[PDB]
Every structure is written in structure tokens, then in C-alpha cells.
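Trainee: Before we start, here is the structure in question, set down as C-alpha cells.
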Amino acid sequence: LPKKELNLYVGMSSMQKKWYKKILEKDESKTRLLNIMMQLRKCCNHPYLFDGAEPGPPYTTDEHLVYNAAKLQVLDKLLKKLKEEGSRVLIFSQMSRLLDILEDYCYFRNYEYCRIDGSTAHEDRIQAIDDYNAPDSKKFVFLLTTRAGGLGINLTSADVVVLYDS
DNA sequence: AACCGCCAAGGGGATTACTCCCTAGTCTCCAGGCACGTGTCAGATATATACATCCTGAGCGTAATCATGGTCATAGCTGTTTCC
């Protein structure tokens with residue numbers, strides 16, 4: 001059985017277009033751009049990563065996060081579809097900090113999962129893998145990094161794997 | 001949460017060649033600024049008064065202390081009662 005591949009070209013969120021211009025035109029201000037590569041990469045990845053895109057002193061946790069994000073709207077659609085389809089999904093990303101927001105947004109949707117990140121533990125890696133690969137595991141999603149997570153482990157219990165970033 | 005390894009990629013510091021035009025040296029020139037006389041004014045001088053202010057009690061207020069009274073507690077005395 002082969003594998004399918006689709007590249008979900010989604011438009012960059014209009015809400016963060018303010019800050020994306022604020023990065024291109026150097027408009028928010030008075031910070032580093034020593035690696036314009038990464039700065040645009042983080043804005044390409046997620047807006048709240050720039051330390052002030054989340055204005056709330058209580059830091060509200062609601063649909064605004066998926067609202068202000070370009071990708072998570074398609075993610076929310078695909079998570080709803082794959083939940084009914086029973087697809088056991090794996091998510092890969094580069095920024096461990098971004099995964100915190102996904103961990104927070106996983107809490108919002110109340111999914112079971114296990115978060116493996118660079119330098120979590122030794123026994124925690126084993127146990128989180130076991131719970132995810134446990135038979136009939138309801139851990140519908142699985143947070144994982146890119147350069148720390150997928151270098152030899154087998155996840156045949158899963159079928160669909162999604163990249164947040166390239 | 002520092003440390004350390006790791007990872008790729010712009011980024012700008014380095015190097016080479018060249019051009020050029022601006023500053024240097026000279027040189028001609030002259031009036032600006034510096035010495036050189038001089039009066040006048042604004043600080044210095046010399047009193048006198050006005051005033052602030054400190055000093056030390058003139059006195060006044062305040063509290064601290066001793067005096068003084070009243071009051072209650074306890075002890076002593078005796079009268080009453082009951083018992084043999």
C-alpha cells in the first residue's frame with residue numbers, strides 16, 4: 001500500500017498581515033531582525049510567537065487563536081474530519097514554543113495525546129510512545145517535534161501525518 | 001535554565017583595481033587684528049540705618065512629683081446561739 005501526499009496551500013492570515021508588513025517594512029518595532037529568515041519564518045508559522053500578538057492579560061483561550069491563525073482553521077476542519085474518519089494523526093513542527101500553543105489548543109478541544117519534545121525525559125518518551133501506540137488508543141492527536149521526534153520510531157498505529165511547517 | 005553541539009546561510013568584512021579632485025606647496029597681496037595711547041565708569045570705599053536674629057531668661061504652661069484624702073479590706077472583739 002503506497003502513501004498519499006497533499007500540500008495544503010493556505011493563505012497567510014489577514015489578521016497577522018499587519019505584523020507581517022511590520023516585519024517587511026520594519027514598522028512590532030524596536031527589536032532584533034538579525035535573522036530575517038527566522039523572523040518571517042515565525043510569522044509564516046504563527047503570529048502569537050512575536051510576544052504581544054496575544055494582548056490579553058488573562059490570555060484568553062478561545063476560537064480567536066484559530067481565528068487569528070492562517071493554518072489552524074484548516075486544521076480545525078481536518079481535525080473534525082479525521083475525528084469522524086478515525087484517522088490517528090501525527091503532527092510535526094520545528095518550534096517547540098509553537099507546540100506549547102498547540103498543547104494549549106489541544107486542551108481547548110479536549111483531545112487525549114502525548115507531547116514528546118526535545119529533552120522531555122527518557123522514561124517519559126517510552127511511556128508516551130506506549131500510550132499513543134496502545135491498542136485502541138483514544139489519543140487522537142500526537143504532538144511531536146521534527147529534529148527530536150522522527151528519527152527511527154515506528155507509529156504503525158497511526159496512518160496520517162501532518163507537517164505544520166517545512 | 002545554562003552549557004554545549006548542531007545546524008545552514010546571509011552578511012558584511014576583507015581584498016584588488018582604479019580614478020580623481022582636493023588638498024598641498026607656492027605666491028601674490030592688504031586689512032584685520034594686535035599693539036598702543038586714554039578717559040570714564042562701575043566697582044571699591046566709607047557710614048548710617050533697618051532689620052534679622054540669636055541669646056537668655058521675662059514669664060508662662062505643662063507635666064511631674066509629692067501631698068492628701070477616702071475608701072475598702074481585713075482583723076479583732078464581743079454578743080448571740082445552741083448544745084451538753
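Every chain in the C-alpha cells takes a letter, A first, then B, and so on in the order presented; its residues are numbered from 1, and the ligands are numbered from 1 following the presented order.
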For chain A against chain B, with a cut-off of 12 Å and counting only C-alpha atoms (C1' of nucleotides), what is the closest atom pair and its distance in Å to one decimal for every residue that makes the cut, ordered by chain and number, as JSON lines?
Mentor:
```
{"residue": "A:34", "atom": "CA", "partner": "B:11", "partner_atom": "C1'", "distance": 9.9}
{"residue": "A:35", "atom": "CA", "partner": "B:10", "partner_atom": "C1'", "distance": 8.3}
{"residue": "A:36", "atom": "CA", "partner": "B:10", "partner_atom": "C1'", "distance": 9.3}
{"residue": "A:37", "atom": "CA", "partner": "B:10", "partner_atom": "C1'", "distance": 8.8}
{"residue": "A:38", "atom": "CA", "partner": "B:9", "partner_atom": "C1'", "distance": 11.4}
{"residue": "A:147", "atom": "CA", "partner": "B:7", "partner_atom": "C1'", "distance": 10.5}
```
Trainee: Please produce an output containing N, CA and C atoms for each residue in the selection, written as a PDB file, in the first residue's frame.
Mentor:
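The resulting result.pdb:
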```
ATOM      1  N   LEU A  34      18.026  40.142  13.308  1.00  0.00           N
ATOM      2  CA  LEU A  34      19.337  39.619  12.939  1.00  0.00           C
ATOM      3  C   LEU A  34      19.241  38.432  11.999  1.00  0.00           C
ATOM      4  N   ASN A  35      18.116  37.722  11.994  1.00  0.00           N
ATOM      5  CA  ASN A  35      17.905  36.629  11.055  1.00  0.00           C
ATOM      6  C   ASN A  35      16.499  36.819  10.493  1.00  0.00           C
ATOM      7  N   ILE A  36      16.384  37.666   9.464  1.00  0.00           N
ATOM      8  CA  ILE A  36      15.094  37.912   8.826  1.00  0.00           C
ATOM      9  C   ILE A  36      14.506  36.609   8.303  1.00  0.00           C
ATOM     10  N   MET A  37      15.364  35.626   8.024  1.00  0.00           N
ATOM     11  CA  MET A  37      14.921  34.272   7.711  1.00  0.00           C
ATOM     12  C   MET A  37      13.913  33.791   8.742  1.00  0.00           C
ATOM     13  N   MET A  38      14.350  33.736  10.001  1.00  0.00           N
ATOM     14  CA  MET A  38      13.543  33.126  11.045  1.00  0.00           C
ATOM     15  C   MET A  38      12.354  34.011  11.396  1.00  0.00           C
ATOM     16  N   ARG A 147      13.159  17.602  14.536  1.00  0.00           N
ATOM     17  CA  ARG A 147      14.540  17.157  14.680  1.00  0.00           C
ATOM     18  C   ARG A 147      14.781  16.352  15.954  1.00  0.00           C
TER      19      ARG A 147
END
```
Trainee: When DSSP is applied to the backbone of this structure, which of chain A are assigned strand (DSSP E)? Write them out as a list in words.
Mentor: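 Here are the strand (DSSP E) residues of chain A: residues 89, 90, 91, 92, 93, 143, 144, 145, 160, 161, 162 and 163 of chain A.
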Trainee: Can you spit out the residues from that selection as a PDB file, in the first residue's frame, using N, CA and C atoms?
Mentor:
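Contents of result09.pdb, freshly written:
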```pdb
ATOM      1  N   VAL A  89      -3.748  10.817  13.891  1.00  0.00           N
ATOM      2  CA  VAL A  89      -2.902  11.783  13.195  1.00  0.00           C
ATOM      3  C   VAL A  89      -1.645  12.071  14.003  1.00  0.00           C
ATOM      4  N   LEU A  90      -0.558  12.345  13.283  1.00  0.00           N
ATOM      5  CA  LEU A  90       0.713  12.780  13.844  1.00  0.00           C
ATOM      6  C   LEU A  90       1.032  14.162  13.299  1.00  0.00           C
ATOM      7  N   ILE A  91       1.532  15.038  14.167  1.00  0.00           N
ATOM      8  CA  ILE A  91       1.813  16.422  13.807  1.00  0.00           C
ATOM      9  C   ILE A  91       3.282  16.697  14.078  1.00  0.00           C
ATOM     10  N   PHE A  92       3.974  17.253  13.086  1.00  0.00           N
ATOM     11  CA  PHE A  92       5.384  17.587  13.200  1.00  0.00           C
ATOM     12  C   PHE A  92       5.574  19.089  13.034  1.00  0.00           C
ATOM     13  N   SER A  93       6.557  19.628  13.753  1.00  0.00           N
ATOM     14  CA  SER A  93       6.820  21.061  13.749  1.00  0.00           C
ATOM     15  C   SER A  93       8.272  21.300  14.128  1.00  0.00           C
ATOM     16  N   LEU A 143       1.384  15.379  19.553  1.00  0.00           N
ATOM     17  CA  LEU A 143       2.356  16.446  19.376  1.00  0.00           C
ATOM     18  C   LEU A 143       3.764  15.868  19.323  1.00  0.00           C
ATOM     19  N   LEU A 144       4.548  16.331  18.352  1.00  0.00           N
ATOM     20  CA  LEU A 144       5.912  15.854  18.180  1.00  0.00           C
ATOM     21  C   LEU A 144       6.725  16.916  17.455  1.00  0.00           C
ATOM     22  N   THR A 145       8.016  16.980  17.778  1.00  0.00           N
ATOM     23  CA  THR A 145       8.933  17.862  17.073  1.00  0.00           C
ATOM     24  C   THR A 145       9.395  17.202  15.775  1.00  0.00           C
ATOM     25  N   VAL A 160      -2.064   8.861   9.265  1.00  0.00           N
ATOM     26  CA  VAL A 160      -1.936  10.186   8.674  1.00  0.00           C
ATOM     27  C   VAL A 160      -0.946  11.002   9.493  1.00  0.00           C
ATOM     28  N   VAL A 161      -0.038  11.684   8.799  1.00  0.00           N
ATOM     29  CA  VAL A 161       0.992  12.515   9.410  1.00  0.00           C
ATOM     30  C   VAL A 161       0.949  13.883   8.742  1.00  0.00           C
ATOM     31  N   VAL A 162       0.931  14.945   9.546  1.00  0.00           N
ATOM     32  CA  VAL A 162       0.790  16.304   9.035  1.00  0.00           C
ATOM     33  C   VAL A 162       1.981  17.138   9.487  1.00  0.00           C
ATOM     34  N   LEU A 163       2.480  17.974   8.582  1.00  0.00           N
ATOM     35  CA  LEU A 163       3.514  18.949   8.891  1.00  0.00           C
ATOM     36  C   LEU A 163       2.869  20.309   9.107  1.00  0.00           C
TER      37      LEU A 163
END
```
Trainee: Name all residues at most 8 Å from residue 49 in chain A (count only C-alpha atoms (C1' of nucleotides); drop same-chain ones fewer than 3 positions away) and give them as a PyMOL selection string.
Mentor: chain A and resi 42-43+46+53+97-98
Trainee: In Å, how far is it from CA of residue 148 in chain A to CA of residue 117 in chain A?
Mentor: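 Interatomic distance here is 6.6 Å.
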Trainee: Would you mind listing what lies within 8 Å of residue 87 in chain A as a ChimeraX atom specification, with only C-alpha atoms (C1' of nucleotides) counted and same-chain residues fewer than 6 positions away left out?
Mentor: /A:140,158-160
Trainee: Just the selected residues (N, CA, C and O atoms), exported as an mmCIF file, in the first residue's frame, please.
Mentor:
```cif
data_model
loop_
_atom_site.group_PDB
_atom_site.id
_atom_site.type_symbol
_atom_site.label_atom_id
_atom_site.label_comp_id
_atom_site.auth_asym_id
_atom_site.auth_seq_id
_atom_site.Cartn_x
_atom_site.Cartn_y
_atom_site.Cartn_z
ATOM 1 N N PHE A 140 -6.087 10.917 20.132
ATOM 2 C CA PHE A 140 -6.420 11.137 18.732
ATOM 3 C C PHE A 140 -5.286 11.850 18.006
ATOM 4 O O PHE A 140 -4.948 11.501 16.868
ATOM 5 N N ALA A 158 -0.667 4.776 13.779
ATOM 6 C CA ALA A 158 -1.072 5.963 13.048
ATOM 7 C C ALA A 158 -1.044 5.693 11.548
ATOM 8 O O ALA A 158 -0.350 4.796 11.066
ATOM 9 N N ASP A 159 -1.824 6.478 10.819
ATOM 10 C CA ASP A 159 -1.866 6.429 9.364
ATOM 11 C C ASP A 159 -1.544 7.764 8.718
ATOM 12 O O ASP A 159 -0.813 7.804 7.727
ATOM 13 N N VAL A 160 -2.064 8.861 9.265
ATOM 14 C CA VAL A 160 -1.936 10.186 8.674
ATOM 15 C C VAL A 160 -0.946 11.002 9.493
ATOM 16 O O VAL A 160 -0.982 10.992 10.731
#
```
Trainee: State, in Å with one decimal place, the distance from CA of residue 133 in chain A to CA of residue 155 in chain A.
Mentor: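 So the two atoms, CA of residue 133 in chain A and CA of residue 155 in chain A, lie 6.8 Å apart.
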Trainee: Could you jot down the CA of residue 27 in chain A to CA of residue 63 in chain A separation for me, Å, one decimal place?
Mentor: 27.6 Å
Trainee: Applying 9 Å and only C-alpha atoms (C1' of nucleotides), which residues near residue 157 in chain A remain after dropping the ones on its own chain fewer than 3 positions away? List them as an MDAnalysis selection string.
Mentor: chainID A and resid 88 132:137 154
Trainee: Residue 106 in chain A: which residues within 9 Å, counting only C-alpha atoms (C1' of nucleotides), same-chain residues fewer than 6 positions away excluded, as a ChimeraX atom specification?
Mentor: /A:112-113,141
Trainee: Could those residues be written to a file, using C-alpha atoms, as an mmCIF file, in the first residue's frame?
Mentor:
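Below you can see selection_37.cif, which holds the result:
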```cif
data_model
loop_
_atom_site.group_PDB
_atom_site.id
_atom_site.type_symbol
_atom_site.label_atom_id
_atom_site.label_comp_id
_atom_site.auth_asym_id
_atom_site.auth_seq_id
_atom_site.Cartn_x
_atom_site.Cartn_y
_atom_site.Cartn_z
ATOM 1 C CA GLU A 112 -6.090 12.984 24.503
ATOM 2 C CA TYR A 113 -2.496 12.974 23.287
ATOM 3 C CA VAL A 141 -3.572 13.589 18.084
#
```
Trainee: Which of chain A counts as alpha helix (DSSP H) under DSSP, as a short mmCIF file (atom, residue, chain, number, x, y, z; two decimals) with C-alpha atoms, in the first residue's frame please?
Mentor:
```
data_model
loop_
_atom_site.label_atom_id
_atom_site.label_comp_id
_atom_site.auth_asym_id
_atom_site.auth_seq_id
_atom_site.Cartn_x
_atom_site.Cartn_y
_atom_site.Cartn_z
CA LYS A 17 -0.80 40.69 7.74
CA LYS A 18 -0.35 43.73 9.96
CA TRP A 19 2.70 42.26 11.68
CA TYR A 20 3.98 40.57 8.51
CA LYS A 21 4.13 44.03 6.94
CA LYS A 22 5.57 45.29 10.23
CA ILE A 23 8.36 42.76 9.66
CA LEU A 24 8.90 43.55 5.97
CA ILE A 36 15.09 37.91 8.83
CA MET A 37 14.92 34.27 7.71
CA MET A 38 13.54 33.13 11.05
CA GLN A 39 11.51 36.26 11.76
CA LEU A 40 9.46 35.83 8.61
CA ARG A 41 9.55 32.07 9.29
CA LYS A 42 7.89 32.54 12.69
CA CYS A 43 5.32 34.93 11.21
CA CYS A 44 4.86 32.40 8.42
CA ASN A 45 4.44 29.84 11.20
CA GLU A 63 -11.58 30.46 18.84
CA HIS A 64 -9.60 33.69 18.38
CA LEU A 65 -6.43 31.58 18.31
CA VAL A 66 -7.78 29.51 15.43
CA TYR A 67 -9.34 32.73 14.10
CA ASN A 68 -6.12 34.74 14.02
CA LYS A 71 -3.42 27.26 9.33
CA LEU A 72 -5.47 26.26 12.36
CA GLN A 73 -8.75 26.98 10.55
CA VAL A 74 -7.91 24.24 8.05
CA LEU A 75 -6.53 22.24 10.98
CA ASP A 76 -9.83 22.59 12.86
CA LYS A 77 -11.66 21.42 9.73
CA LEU A 78 -9.28 18.50 9.19
CA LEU A 79 -9.29 17.54 12.87
CA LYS A 80 -13.10 17.38 12.77
CA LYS A 81 -12.98 15.29 9.59
CA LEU A 82 -10.26 12.91 10.82
CA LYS A 83 -12.01 12.54 14.18
CA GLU A 84 -15.07 11.08 12.45
CA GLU A 85 -12.93 9.12 10.00
CA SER A 96 8.94 23.69 20.48
CA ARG A 97 7.46 27.01 21.65
CA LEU A 98 4.81 26.80 18.92
CA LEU A 99 3.93 23.33 20.20
CA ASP A 100 3.04 24.93 23.55
CA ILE A 101 0.28 26.84 21.79
CA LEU A 102 -0.84 23.63 20.10
CA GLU A 103 -0.70 21.96 23.51
CA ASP A 104 -2.90 24.79 24.75
CA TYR A 105 -5.18 24.44 21.72
CA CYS A 106 -5.29 20.67 22.25
CA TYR A 107 -6.59 21.45 25.74
CA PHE A 108 -9.23 23.68 24.11
CA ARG A 109 -10.58 20.77 22.03
CA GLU A 123 11.20 7.20 30.56
CA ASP A 124 8.57 9.77 29.57
CA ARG A 125 9.45 9.23 25.91
CA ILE A 126 8.87 5.49 26.31
CA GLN A 127 5.61 5.81 28.24
CA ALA A 128 4.16 8.50 25.97
CA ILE A 129 5.00 6.34 22.95
CA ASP A 130 3.39 3.32 24.61
CA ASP A 131 0.18 5.17 25.46
CA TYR A 132 -0.12 6.56 21.94
#
```
Trainee: Residues at most 7 Å from residue 70 in chain A, counting only C-alpha atoms (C1' of nucleotides), excluding those fewer than 3 positions away in the same chain, as a PyMOL selection string?
Mentor: chain A and resi 11-13+73
